[PDB]
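Okay, input.txt now, which holds compact mmCIF, C-alpha atoms and all ligand atoms:
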# COMPACT_ATOMS: atom_id res chain seq x y z
CA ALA A 1 -6.77 -14.17 4.79
CA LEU A 2 -3.30 -15.72 4.42
CA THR A 3 -2.66 -18.91 6.41
CA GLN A 4 -0.27 -19.31 9.35
CA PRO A 5 0.21 -21.98 12.07
CA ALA A 6 -1.29 -21.33 15.48
CA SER A 7 1.68 -22.06 17.75
CA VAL A 8 5.14 -23.60 18.05
CA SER A 9 7.42 -24.60 20.92
CA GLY A 10 10.89 -25.86 21.78
CA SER A 11 13.52 -25.95 24.49
CA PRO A 12 16.22 -23.31 25.07
CA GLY A 13 19.17 -23.59 22.71
CA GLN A 14 17.09 -25.14 19.92
CA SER A 15 16.02 -23.57 16.62
CA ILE A 16 12.45 -23.40 15.29
CA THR A 17 10.67 -22.07 12.22
CA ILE A 18 7.32 -20.36 11.63
CA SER A 19 5.72 -20.56 8.18
CA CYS A 20 3.29 -18.41 6.20
CA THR A 21 1.40 -19.33 3.03
CA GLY A 22 -0.85 -17.52 0.57
CA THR A 23 -1.98 -17.59 -3.05
CA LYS A 24 0.30 -17.19 -6.05
CA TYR A 25 -0.72 -13.52 -6.13
CA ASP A 26 0.09 -12.38 -2.59
CA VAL A 27 3.36 -14.10 -1.69
CA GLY A 28 4.17 -15.92 -4.93
CA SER A 29 4.37 -12.76 -7.04
CA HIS A 30 6.75 -10.56 -5.01
CA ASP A 31 9.55 -10.90 -2.46
CA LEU A 32 7.66 -8.53 -0.11
CA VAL A 33 7.33 -10.43 3.17
CA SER A 34 7.91 -8.96 6.63
CA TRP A 35 7.78 -10.50 10.10
CA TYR A 36 6.66 -8.62 13.23
CA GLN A 37 7.16 -9.77 16.81
CA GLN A 38 4.66 -8.85 19.51
CA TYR A 39 5.03 -9.44 23.21
CA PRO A 40 1.53 -9.61 24.77
CA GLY A 41 0.21 -6.19 25.74
CA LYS A 42 2.78 -4.32 23.64
CA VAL A 43 2.94 -2.68 20.22
CA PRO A 44 4.46 -5.12 17.67
CA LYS A 45 8.17 -4.99 16.87
CA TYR A 46 10.03 -4.91 13.55
CA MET A 47 12.16 -8.00 12.77
CA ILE A 48 12.45 -8.73 9.03
CA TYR A 49 11.51 -6.24 6.30
CA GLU A 50 12.36 -8.00 3.01
CA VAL A 51 12.12 -11.75 3.02
CA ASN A 52 15.71 -12.30 4.22
CA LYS A 53 16.99 -8.88 5.42
CA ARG A 54 17.19 -7.49 9.00
CA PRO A 55 16.99 -3.89 10.32
CA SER A 56 19.30 -2.33 12.84
CA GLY A 57 19.01 -3.68 16.37
CA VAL A 58 17.56 -7.09 15.45
CA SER A 59 19.67 -10.05 16.53
CA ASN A 60 21.17 -12.46 14.00
CA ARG A 61 19.14 -15.21 15.70
CA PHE A 62 16.29 -14.30 13.32
CA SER A 63 16.28 -14.97 9.58
CA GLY A 64 13.70 -15.55 6.86
CA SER A 65 13.21 -17.46 3.63
CA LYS A 66 10.80 -17.92 0.73
CA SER A 67 9.75 -20.83 -1.47
CA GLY A 68 6.97 -20.70 -4.04
CA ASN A 69 3.68 -19.56 -2.53
CA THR A 70 5.00 -19.78 1.05
CA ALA A 71 7.64 -18.21 3.29
CA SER A 72 8.99 -18.89 6.76
CA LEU A 73 10.92 -17.25 9.58
CA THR A 74 13.75 -19.04 11.40
CA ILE A 75 14.38 -18.51 15.12
CA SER A 76 17.77 -19.80 16.29
CA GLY A 77 19.26 -20.16 19.76
CA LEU A 78 15.98 -20.11 21.66
CA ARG A 79 15.74 -18.38 25.02
CA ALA A 80 12.98 -17.01 27.23
CA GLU A 81 13.15 -13.64 25.45
CA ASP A 82 11.75 -15.25 22.28
CA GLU A 83 8.42 -16.08 23.97
CA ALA A 84 6.15 -13.78 21.95
CA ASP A 85 3.66 -13.73 19.10
CA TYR A 86 4.93 -13.44 15.52
CA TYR A 87 2.88 -12.17 12.56
CA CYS A 88 3.76 -12.11 8.87
CA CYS A 89 2.62 -9.30 6.59
CA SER A 90 3.18 -9.55 2.84
CA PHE A 91 2.14 -7.90 -0.41
CA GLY A 92 -1.54 -8.60 -0.87
CA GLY A 93 -3.87 -8.13 -3.80
CA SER A 94 -3.86 -5.21 -6.22
CA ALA A 95 -1.99 -2.58 -4.17
CA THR A 96 -2.65 -3.95 -0.68
CA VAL A 97 -0.83 -5.78 2.09
CA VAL A 98 -2.42 -8.68 3.99
CA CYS A 99 -1.34 -10.04 7.37
CA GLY A 100 -1.53 -13.48 8.92
CA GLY A 101 -3.21 -14.75 12.07
CA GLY A 102 0.01 -15.01 14.09
CA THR A 103 2.02 -17.75 15.81
CA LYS A 104 2.82 -18.03 19.51
CA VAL A 105 6.26 -19.21 20.67
CA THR A 106 6.67 -21.17 23.92
CA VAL A 107 10.18 -21.81 25.24
CA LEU A 108 10.22 -24.79 27.60
CA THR B 1 -9.19 12.31 -8.94
CA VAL B 2 -8.54 8.60 -8.49
CA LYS B 3 -9.17 7.51 -4.88
CA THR B 4 -9.09 10.89 -3.09
CA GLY B 5 -5.95 11.94 -5.02
CA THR B 6 -5.34 14.01 -8.13
CA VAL B 7 -3.49 12.76 -11.21
CA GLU B 8 -2.26 15.65 -13.33
CA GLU B 9 -1.96 13.87 -16.69
CA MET B 10 -5.18 11.86 -17.22
CA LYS B 11 -8.79 13.00 -17.62
CA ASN B 12 -11.75 10.78 -16.69
CA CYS B 13 -13.99 11.21 -19.74
CA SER B 14 -17.60 10.02 -20.01
CA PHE B 15 -19.38 9.69 -23.35
CA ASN B 16 -22.52 8.16 -24.85
CA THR B 17 -21.38 5.14 -26.85
CA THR B 18 -23.55 3.19 -29.27
CA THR B 19 -24.38 -0.39 -28.31
CA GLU B 20 -24.64 -3.21 -30.85
CA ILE B 21 -28.30 -2.25 -31.29
CA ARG B 22 -28.53 0.94 -33.31
CA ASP B 23 -31.41 2.42 -31.30
CA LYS B 24 -29.97 2.20 -27.78
CA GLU B 25 -27.02 4.32 -26.67
CA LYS B 26 -25.13 3.65 -23.44
CA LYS B 27 -23.17 5.95 -21.14
CA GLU B 28 -19.55 4.81 -20.92
CA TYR B 29 -16.24 6.19 -19.62
CA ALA B 30 -12.48 5.83 -20.00
CA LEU B 31 -9.36 7.62 -18.76
CA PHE B 32 -7.93 9.59 -21.68
CA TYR B 33 -4.52 11.21 -21.53
CA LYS B 34 -3.94 14.87 -22.14
CA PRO B 35 -2.54 15.60 -25.58
CA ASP B 36 -5.27 13.19 -26.81
CA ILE B 37 -7.96 15.59 -25.53
CA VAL B 38 -8.84 19.14 -26.65
CA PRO B 39 -11.48 21.58 -25.31
CA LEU B 40 -14.62 21.73 -27.42
CA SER B 41 -15.70 24.81 -29.35
CA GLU B 42 -18.82 26.94 -28.87
CA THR B 43 -19.05 26.62 -25.08
CA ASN B 44 -18.21 28.92 -22.18
CA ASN B 45 -15.06 27.12 -21.00
CA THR B 46 -17.18 24.26 -19.63
CA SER B 47 -16.06 20.68 -19.06
CA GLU B 48 -16.78 19.60 -22.65
CA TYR B 49 -13.92 18.07 -24.62
CA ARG B 50 -13.25 16.13 -27.82
CA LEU B 51 -10.54 13.92 -29.26
CA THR C 1 9.70 2.60 -17.67
CA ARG C 2 6.12 3.50 -16.74
CA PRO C 3 5.71 2.60 -13.04
CA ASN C 4 1.91 2.71 -12.58
CA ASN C 5 -0.34 -0.34 -12.85
CA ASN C 6 -2.79 0.60 -15.58
CA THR C 7 -5.82 -1.59 -16.19
CA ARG C 8 -7.57 -2.08 -19.53
CA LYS C 9 -11.29 -2.16 -20.32
CA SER C 10 -13.11 -2.87 -23.57
CA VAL C 11 -16.01 -0.78 -24.88
CA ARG C 12 -18.40 -2.63 -27.18
CA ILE C 13 -19.33 -0.50 -30.20
CA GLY C 14 -21.39 -1.49 -33.21
CA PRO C 15 -21.66 -5.03 -34.55
CA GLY C 16 -18.82 -6.84 -32.80
CA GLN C 17 -16.19 -4.09 -32.72
CA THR C 18 -14.47 -3.22 -29.44
CA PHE C 19 -12.47 -0.22 -28.26
CA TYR C 20 -9.83 -0.74 -25.56
CA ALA C 21 -9.15 2.13 -23.15
CA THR C 22 -7.73 2.59 -19.68
CA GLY C 23 -10.21 1.96 -16.88
CA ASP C 24 -8.30 2.61 -13.67
CA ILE C 25 -4.81 2.95 -12.20
CA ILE C 26 -4.73 0.36 -9.42
CA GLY C 27 -1.75 1.47 -7.37
CA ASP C 28 -0.23 4.91 -6.89
CA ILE C 29 0.81 7.67 -9.30
CA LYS C 30 4.18 7.77 -11.06
CA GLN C 31 6.41 9.63 -13.45
CA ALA C 32 7.40 8.01 -16.74
CA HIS C 33 11.17 8.35 -16.95
CA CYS C 34 14.27 7.16 -18.78
CA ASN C 35 17.63 6.62 -17.07
CA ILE C 36 21.13 7.06 -18.51
CA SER C 37 24.44 6.82 -16.67
CA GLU C 38 26.04 10.22 -16.12
CA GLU C 39 29.61 8.91 -16.35
CA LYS C 40 28.97 7.00 -19.58
CA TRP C 41 27.18 9.98 -21.10
CA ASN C 42 30.07 12.26 -20.12
CA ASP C 43 32.45 9.86 -21.87
CA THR C 44 30.20 9.61 -24.94
CA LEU C 45 30.02 13.41 -25.21
CA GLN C 46 33.75 13.87 -24.55
CA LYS C 47 34.63 11.46 -27.35
CA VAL C 48 32.06 13.02 -29.68
CA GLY C 49 33.67 16.35 -28.85
CA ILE C 50 37.12 15.02 -29.74
CA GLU C 51 35.93 13.51 -33.03
CA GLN D 1 14.41 8.95 17.33
CA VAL D 2 10.86 9.19 15.96
CA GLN D 3 7.52 8.81 17.75
CA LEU D 4 3.95 8.42 16.48
CA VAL D 5 1.26 9.91 18.72
CA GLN D 6 -2.36 8.77 18.49
CA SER D 7 -5.72 9.73 19.93
CA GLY D 8 -6.91 8.55 23.32
CA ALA D 9 -9.29 5.68 23.90
CA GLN D 10 -12.81 5.92 22.50
CA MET D 11 -16.24 4.57 23.46
CA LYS D 12 -19.30 4.57 21.21
CA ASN D 13 -22.67 3.07 20.49
CA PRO D 14 -23.16 1.20 17.19
CA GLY D 15 -23.53 3.35 14.08
CA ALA D 16 -21.74 6.41 15.49
CA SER D 17 -18.54 6.40 13.36
CA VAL D 18 -15.16 7.58 14.71
CA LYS D 19 -12.30 9.64 13.25
CA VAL D 20 -9.02 8.46 14.78
CA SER D 21 -6.04 10.82 14.59
CA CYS D 22 -2.29 10.24 14.25
CA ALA D 23 0.60 12.69 14.64
CA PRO D 24 4.12 11.58 13.64
CA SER D 25 7.18 13.27 15.13
CA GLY D 26 10.91 13.27 14.40
CA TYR D 27 10.88 13.11 10.59
CA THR D 28 9.49 15.06 7.63
CA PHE D 29 5.79 14.26 7.51
CA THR D 30 5.47 13.87 3.73
CA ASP D 31 8.53 11.60 3.29
CA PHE D 32 6.92 8.27 4.31
CA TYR D 33 3.61 6.55 3.69
CA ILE D 34 1.11 6.08 6.52
CA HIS D 35 -0.32 2.57 6.97
CA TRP D 36 -3.34 1.96 9.23
CA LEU D 37 -3.64 -1.35 11.10
CA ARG D 38 -6.23 -2.96 13.36
CA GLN D 39 -5.98 -5.60 16.10
CA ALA D 40 -9.18 -6.90 17.65
CA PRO D 41 -8.74 -8.09 21.27
CA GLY D 42 -7.13 -11.52 21.20
CA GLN D 43 -6.92 -11.58 17.38
CA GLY D 44 -4.25 -11.08 14.75
CA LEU D 45 -3.20 -7.96 12.90
CA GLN D 46 -5.45 -6.79 10.05
CA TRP D 47 -4.60 -4.21 7.39
CA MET D 48 -7.02 -1.35 6.69
CA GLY D 49 -5.36 1.03 4.23
CA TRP D 50 -2.36 3.14 3.28
CA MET D 51 -2.10 6.86 2.55
CA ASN D 52 0.24 9.05 0.49
CA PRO D 53 0.73 12.17 2.67
CA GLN D 54 2.35 14.07 -0.22
CA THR D 55 -0.82 14.02 -2.37
CA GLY D 56 -3.58 12.45 -0.25
CA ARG D 57 -4.01 9.36 -2.45
CA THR D 58 -5.20 6.40 -0.39
CA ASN D 59 -6.31 2.80 -0.79
CA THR D 60 -8.17 0.41 1.52
CA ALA D 61 -8.69 -3.34 1.67
CA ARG D 62 -11.69 -4.91 -0.03
CA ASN D 63 -13.53 -5.49 3.25
CA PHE D 64 -13.34 -1.75 4.06
CA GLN D 65 -14.26 -0.31 0.63
CA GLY D 66 -16.30 2.79 1.44
CA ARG D 67 -16.54 1.77 5.09
CA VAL D 68 -13.27 3.64 5.84
CA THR D 69 -11.82 6.96 4.68
CA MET D 70 -8.58 8.65 5.76
CA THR D 71 -7.21 12.15 5.20
CA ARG D 72 -4.45 14.39 6.54
CA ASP D 73 -3.38 17.95 7.31
CA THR D 74 0.20 18.64 6.25
CA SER D 75 0.35 22.01 8.02
CA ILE D 76 -0.46 20.45 11.40
CA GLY D 77 1.47 17.30 10.51
CA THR D 78 -1.23 14.76 11.33
CA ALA D 79 -3.30 12.01 9.70
CA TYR D 80 -6.95 11.06 10.22
CA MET D 81 -8.93 7.86 9.67
CA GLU D 82 -12.74 7.77 9.67
CA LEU D 83 -14.38 4.37 10.21
CA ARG D 84 -18.08 4.14 9.34
CA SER D 85 -21.00 1.92 10.37
CA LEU D 86 -19.64 0.76 13.72
CA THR D 87 -20.49 -2.72 14.97
CA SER D 88 -19.64 -4.48 18.22
CA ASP D 89 -16.98 -6.45 16.30
CA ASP D 90 -15.05 -3.26 15.44
CA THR D 91 -13.81 -3.03 19.04
CA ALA D 92 -10.07 -3.17 18.47
CA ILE D 93 -6.72 -1.49 18.90
CA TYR D 94 -5.85 0.81 15.98
CA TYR D 95 -2.21 1.41 15.03
CA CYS D 96 -0.65 4.19 12.96
CA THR D 97 2.52 3.03 11.22
CA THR D 98 5.22 4.42 8.94
CA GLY D 99 5.49 2.75 5.54
CA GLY D 100 7.90 3.01 2.66
CA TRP D 101 9.63 6.08 1.25
CA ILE D 102 7.80 8.22 -1.30
CA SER D 103 9.52 8.76 -4.63
CA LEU D 104 8.31 9.82 -8.05
CA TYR D 105 9.86 6.86 -9.88
CA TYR D 106 8.78 3.59 -8.21
CA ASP D 107 5.62 2.61 -6.33
CA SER D 108 6.66 1.96 -2.73
CA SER D 109 3.08 2.10 -1.42
CA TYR D 110 2.44 -1.62 -0.88
CA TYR D 111 5.87 -2.33 0.63
CA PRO D 112 5.24 -3.96 4.05
CA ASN D 113 7.94 -1.95 5.84
CA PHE D 114 6.28 -0.69 9.03
CA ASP D 115 9.40 0.88 10.51
CA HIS D 116 7.80 2.72 13.43
CA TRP D 117 4.49 2.06 15.17
CA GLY D 118 2.15 4.36 17.02
CA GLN D 119 1.25 3.69 20.63
CA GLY D 120 -2.12 2.29 19.56
CA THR D 121 -5.56 3.48 20.68
CA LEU D 122 -8.57 1.47 21.82
CA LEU D 123 -12.00 2.01 20.25
CA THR D 124 -14.91 0.40 22.12
CA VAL D 125 -18.36 -0.27 20.64
CA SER D 126 -21.15 -1.34 22.98
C1 LIG E 1 15.81 5.75 -12.59
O1 LIG E 1 16.65 6.63 -11.82
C2 LIG E 1 16.07 7.10 -10.59
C3 LIG E 1 17.06 8.06 -9.98
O2 LIG E 1 18.30 7.42 -9.72
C4 LIG E 1 15.76 5.91 -9.70
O3 LIG E 1 15.18 6.37 -8.48
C5 LIG E 1 15.84 5.84 -7.31
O4 LIG E 1 15.48 4.47 -7.09
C6 LIG E 1 16.10 3.88 -5.94
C7 LIG E 1 15.65 2.44 -5.89
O5 LIG E 1 16.10 1.71 -7.03
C8 LIG E 1 15.72 4.65 -4.68
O6 LIG E 1 16.41 4.08 -3.58
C9 LIG E 1 15.82 4.29 -2.29
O7 LIG E 1 16.41 5.40 -1.68
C10 LIG E 1 15.99 5.64 -0.35
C11 LIG E 1 16.62 6.94 0.08
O8 LIG E 1 16.78 6.92 1.49
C12 LIG E 1 16.43 4.47 0.50
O9 LIG E 1 15.98 4.67 1.82
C13 LIG E 1 15.88 3.15 -0.04
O10 LIG E 1 16.52 2.08 0.62
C14 LIG E 1 15.73 1.53 1.68
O11 LIG E 1 14.63 0.79 1.19
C15 LIG E 1 14.97 -0.34 0.36
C16 LIG E 1 13.68 -1.02 -0.03
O12 LIG E 1 13.99 -2.32 -0.50
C17 LIG E 1 15.90 -1.28 1.13
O13 LIG E 1 16.34 -2.31 0.25
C18 LIG E 1 17.11 -0.51 1.68
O14 LIG E 1 17.97 -1.39 2.39
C19 LIG E 1 16.66 0.65 2.53
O15 LIG E 1 15.96 0.02 3.62
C20 LIG E 1 16.04 0.71 4.88
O16 LIG E 1 15.35 1.94 4.85
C21 LIG E 1 13.92 1.82 4.57
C22 LIG E 1 13.30 3.19 4.46
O17 LIG E 1 11.90 2.97 4.28
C23 LIG E 1 13.30 1.00 5.66
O18 LIG E 1 11.92 0.90 5.43
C24 LIG E 1 13.91 -0.38 5.63
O19 LIG E 1 13.19 -1.28 6.50
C25 LIG E 1 15.45 -0.32 5.88
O20 LIG E 1 15.71 -0.10 7.34
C26 LIG E 1 16.00 1.22 7.89
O21 LIG E 1 15.12 1.48 8.96
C27 LIG E 1 15.26 0.63 10.11
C28 LIG E 1 14.17 1.03 11.09
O22 LIG E 1 12.91 0.62 10.56
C29 LIG E 1 16.67 0.80 10.69
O23 LIG E 1 16.82 -0.08 11.79
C30 LIG E 1 17.71 0.48 9.61
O24 LIG E 1 19.02 0.66 10.14
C31 LIG E 1 17.48 1.33 8.38
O25 LIG E 1 17.79 2.67 8.82
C32 LIG E 1 16.08 3.00 -1.53
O26 LIG E 1 17.43 2.61 -1.70
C33 LIG E 1 16.08 6.12 -4.85
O27 LIG E 1 15.65 6.87 -3.72
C34 LIG E 1 15.43 6.67 -6.10
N1 LIG E 1 15.79 8.07 -6.28
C35 LIG E 1 14.90 9.05 -6.44
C36 LIG E 1 15.45 10.43 -6.61
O28 LIG E 1 13.69 8.84 -6.45
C37 LIG E 1 14.82 4.97 -10.43
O29 LIG E 1 14.55 3.82 -9.62
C38 LIG E 1 15.44 4.53 -11.74
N2 LIG E 1 14.53 3.66 -12.47
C39 LIG E 1 14.90 2.49 -13.01
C40 LIG E 1 13.83 1.73 -13.73
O30 LIG E 1 16.05 2.07 -12.93
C1 LIG E 2 -1.39 -4.81 -10.90
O1 LIG E 2 -2.73 -4.98 -11.34
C2 LIG E 2 -3.10 -6.35 -11.56
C3 LIG E 2 -4.49 -6.34 -12.14
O2 LIG E 2 -4.58 -5.47 -13.27
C4 LIG E 2 -3.00 -7.13 -10.26
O3 LIG E 2 -3.26 -8.51 -10.53
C5 LIG E 2 -4.51 -8.99 -9.98
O4 LIG E 2 -4.40 -9.34 -8.59
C6 LIG E 2 -5.62 -9.80 -8.00
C7 LIG E 2 -5.34 -10.08 -6.55
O5 LIG E 2 -6.34 -9.54 -5.71
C8 LIG E 2 -6.15 -11.03 -8.75
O6 LIG E 2 -7.43 -11.35 -8.22
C9 LIG E 2 -7.70 -12.77 -8.05
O7 LIG E 2 -8.10 -13.36 -9.27
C10 LIG E 2 -8.37 -14.77 -9.17
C11 LIG E 2 -8.67 -15.30 -10.56
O8 LIG E 2 -7.57 -14.99 -11.40
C12 LIG E 2 -9.54 -14.97 -8.19
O9 LIG E 2 -9.78 -16.36 -8.03
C13 LIG E 2 -9.21 -14.34 -6.83
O10 LIG E 2 -10.31 -14.47 -5.94
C14 LIG E 2 -8.81 -12.88 -7.00
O11 LIG E 2 -9.97 -12.18 -7.41
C15 LIG E 2 -6.25 -10.75 -10.24
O12 LIG E 2 -6.60 -11.94 -10.93
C16 LIG E 2 -4.93 -10.22 -10.77
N1 LIG E 2 -5.03 -9.93 -12.19
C17 LIG E 2 -4.01 -10.11 -13.04
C18 LIG E 2 -4.29 -9.76 -14.47
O13 LIG E 2 -2.92 -10.52 -12.67
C19 LIG E 2 -1.59 -7.00 -9.69
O14 LIG E 2 -1.54 -7.62 -8.41
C20 LIG E 2 -1.19 -5.53 -9.56
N2 LIG E 2 0.19 -5.43 -9.11
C21 LIG E 2 0.66 -4.38 -8.43
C22 LIG E 2 2.11 -4.45 -8.04
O15 LIG E 2 -0.03 -3.41 -8.17
Represent the structure contained in this file as structure tokens.
Amino acid sequence: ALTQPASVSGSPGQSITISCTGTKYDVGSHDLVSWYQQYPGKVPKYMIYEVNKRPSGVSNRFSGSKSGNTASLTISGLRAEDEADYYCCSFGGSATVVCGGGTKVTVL
Amino acid sequence: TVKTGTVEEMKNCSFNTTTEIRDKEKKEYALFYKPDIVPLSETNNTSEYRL
Amino acid sequence: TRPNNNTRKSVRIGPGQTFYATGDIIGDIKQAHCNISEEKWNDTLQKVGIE
Amino acid sequence: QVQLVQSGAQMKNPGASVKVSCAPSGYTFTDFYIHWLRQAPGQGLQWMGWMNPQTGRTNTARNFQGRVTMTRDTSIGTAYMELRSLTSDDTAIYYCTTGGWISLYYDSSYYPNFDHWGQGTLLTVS
């Protein structure tokens, strides 16, 4: 459940975006969207908790947004450290949270 | 005891309600608050209650 | 406010009458509460004291 | 800092059922929800259920209704998750994660704020 693109790429120094989309119930009803980074073979990491707020330790390169039944992360100032998978998890059905399939980032 | 967890204020009551047809009764339930519910008389402190 | 996400289910009784009662609480458990500012209430009791 | 310890790797035949265990450290156990997550090998994250350690209330996704049950022991300071009716497709990494903050006045259960993640444990069905 919940749709996400498969992959995205760009050169160093560029900025890219990763999008997530769901029904009017999951993402359209609440501002509860969070983005998790995962390097391969590692536990995920914690990037964005509410749709456009960061925790401590996360760079300002990352920022999020919402529009209607869809939301998207923004990665700015690309470098080799940003080569990792990114998943979105958002408020789901009744009292649940549903997570997307994930997007891979390739820095040329 | 909703989903493995206790709720202190609401009782899950089950009662035999009458269908549209006068002959056939049906077993039905609903979550009644406390205050609305009182223990029933003439029983040995069992789980029998009334409005 | 009443934080919890009550549902609502209808119980058919008799010829066409229905009886609406809670069916489930699809979420977590809460406390119903009312909030007042402490500073404003201190002012509104100080002035009532003066008058 | 805070750490979430989990059980070691597991191996099973189909239909055996497994009770995975989690043990948070560094914060009061009953101050934050516990959210259970799954990651099949090569697949994306999937959400299983959350738990209220203060009162044991729990909820699970529609595709695990009855198939999964989770409980806890506040004295030990640990949480358990029983998965039932194992198939070969249940081979996955299982994560124990720290959710929102419990409070009596607003439902923070469904908040996707997984602040701290367990090390993850591999369950194998074959
Ligand atoms: C009636 O009155 C009562 C009594 O006043 C009201 O109850 C109060 O309601 C408040 C909310 O309106 C509630 O506030 C919460 O207090 C806790 C206490 O610690 C606080 O943590 C909460 O704030 C966090 O969560 C919110 C969620 O949106 C965030 O917006 C906020 O920025 C905080 O986020 C940080 O902490 C979270 C803790 O879970 C993290 O999950 C989150 O991601 C974020 O990051 C931290 O962790 C990161 C690592 O993961 C780290 O890098 C970073 O630096 C951060 O440390 C929230 O403010 C009061 O607690 C509550 N009071 C009581 C007694 O229950 C009631 O609402 C009123 N009702 C009405 C209708 O008005
Ligand atoms: C509070 O509870 C209400 C229900 O009492 C929750 O709303 C319900 O959310 C579900 C999402 O799983 C909706 O289900 C969907 O319904 C459509 C048809 O409307 C169907 O095509 C989908 O396949 C799915 O079954 C349900 O309709 C919706 N009901 C209402 C009345 O809105 C709500 O999400 C809960 N909110 C919280 C914060 O707990």
Restrict the calculation to all atoms listed in the file, then for each residue of chain C with any atom at most 10 Å from an atom of chain A give the closest atom pair and their distance in Å to one decimal, rows by chain and rising residue number, as a Markdown table.
| residue | atom | partner | partner_atom | distance |
| --- | --- | --- | --- | --- |
| C:5 | CA | A:94 | CA | 8.9 |
| C:26 | CA | A:94 | CA | 6.5 |
| C:27 | CA | A:95 | CA | 5.2 |
| C:28 | CA | A:95 | CA | 8.2 |
Considering only C-alpha atoms, extract the chain D residues located within 10 Å of chain A and return them as a count of residues only. 31
Leaving out residue 3 of chain C and any residue of its chain fewer than 4 positions from it, which residues lie within 7 Å of it when counting all atoms listed in the file, given as a count of residues only? 5
Do you know which residues are at most 7 Å from segment 25-29 of chain D counting all atoms listed in the file, after dropping those on the same chain fewer than 3 positions away, and could you put them as a VMD selection string? chain D and resid 1 to 4 32 77
Contacts of residue 70 of chain A at 7 Å (all atoms listed in the file; same-chain gap of 3+ positions) as a PyMOL selection string: chain A and resi 20-22+27+66-67
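Candidate residues B:44, B:12, B:6, B:18 were compared for distance to chain C, and the nearest is B:18, using only C-alpha atoms.
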Report, in Å to a single decimal, how far apart atom CA of residue 57 of chain D and atom CA of residue 30 of chain D are. 12.2 Å
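Protein, DNA and RNA residues at most 12 Å from (20.0, -14.3, 13.7), with all atoms listed in the file, are these: residues 15, 16, 47, 48, 52, 53, 54, 55, 57, 58, 59, 60, 61, 62, 63, 64, 73, 74, 75, 76, 77, 78 and 82 of chain A.
Interatomic distance, atom CA of residue 2 of chain B to atom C40 of ligand LIG 1 (chain E): 24.0 Å.
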Using all atoms listed in the file, find the residues of chain B whose closest atom to chain C is at most 8 Å away, then write them as a PyMOL selection string. chain B and resi 2+7+17-22+28-32
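Going from atom CA of residue 23 of chain A over to atom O14 of ligand LIG 2 (chain E), you cover 11.3 Å.
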Within 9 Å of ligand LIG 1 (chain E), which residues of chain C show up? Give each one with its shortest atom-to-atom distance in Å (one decimal) and the two atoms involved, counting all atoms listed in the file, rows by chain then rising residue number, as a Markdown table.
| residue | atom | partner | partner_atom | distance |
| --- | --- | --- | --- | --- |
| C:1 | CA | E:LIG1 | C40 | 5.8 |
| C:2 | CA | E:LIG1 | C40 | 8.5 |
| C:3 | CA | E:LIG1 | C40 | 8.2 |
| C:33 | CA | E:LIG1 | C1 | 6.9 |
| C:34 | CA | E:LIG1 | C1 | 6.5 |
| C:35 | CA | E:LIG1 | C1 | 4.9 |
| C:36 | CA | E:LIG1 | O1 | 8.1 |
Could you please fill out segment 78-85 of chain D with N, CA, C and O atoms and send it back as an mmCIF file, keeping the file's coordinate frame?
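In the end it all went to out-v9.cif:
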data_model
loop_
_atom_site.group_PDB
_atom_site.id
_atom_site.type_symbol
_atom_site.label_atom_id
_atom_site.label_comp_id
_atom_site.auth_asym_id
_atom_site.auth_seq_id
_atom_site.Cartn_x
_atom_site.Cartn_y
_atom_site.Cartn_z
ATOM 1 N N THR D 78 -0.408 15.780 10.703
ATOM 2 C CA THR D 78 -1.230 14.760 11.330
ATOM 3 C C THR D 78 -2.045 14.045 10.260
ATOM 4 O O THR D 78 -2.254 14.576 9.166
ATOM 5 N N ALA D 79 -2.507 12.839 10.593
ATOM 6 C CA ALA D 79 -3.300 12.010 9.700
ATOM 7 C C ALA D 79 -4.551 11.524 10.425
ATOM 8 O O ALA D 79 -4.516 11.241 11.625
ATOM 9 N N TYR D 80 -5.648 11.413 9.675
ATOM 10 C CA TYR D 80 -6.950 11.060 10.220
ATOM 11 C C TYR D 80 -7.491 9.830 9.507
ATOM 12 O O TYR D 80 -7.158 9.572 8.348
ATOM 13 N N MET D 81 -8.335 9.076 10.210
ATOM 14 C CA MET D 81 -8.930 7.860 9.670
ATOM 15 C C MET D 81 -10.349 7.734 10.205
ATOM 16 O O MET D 81 -10.542 7.504 11.401
ATOM 17 N N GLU D 82 -11.330 7.864 9.315
ATOM 18 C CA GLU D 82 -12.740 7.770 9.670
ATOM 19 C C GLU D 82 -13.247 6.373 9.356
ATOM 20 O O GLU D 82 -13.152 5.923 8.210
ATOM 21 N N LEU D 83 -13.784 5.692 10.366
ATOM 22 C CA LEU D 83 -14.380 4.370 10.210
ATOM 23 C C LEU D 83 -15.886 4.525 10.369
ATOM 24 O O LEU D 83 -16.348 5.169 11.317
ATOM 25 N N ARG D 84 -16.642 3.931 9.449
ATOM 26 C CA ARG D 84 -18.080 4.140 9.340
ATOM 27 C C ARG D 84 -18.842 2.858 9.652
ATOM 28 O O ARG D 84 -18.338 1.746 9.494
ATOM 29 N N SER D 85 -20.090 3.038 10.096
ATOM 30 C CA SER D 85 -21.000 1.920 10.370
ATOM 31 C C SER D 85 -20.430 0.989 11.431
ATOM 32 O O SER D 85 -20.167 -0.189 11.181
#
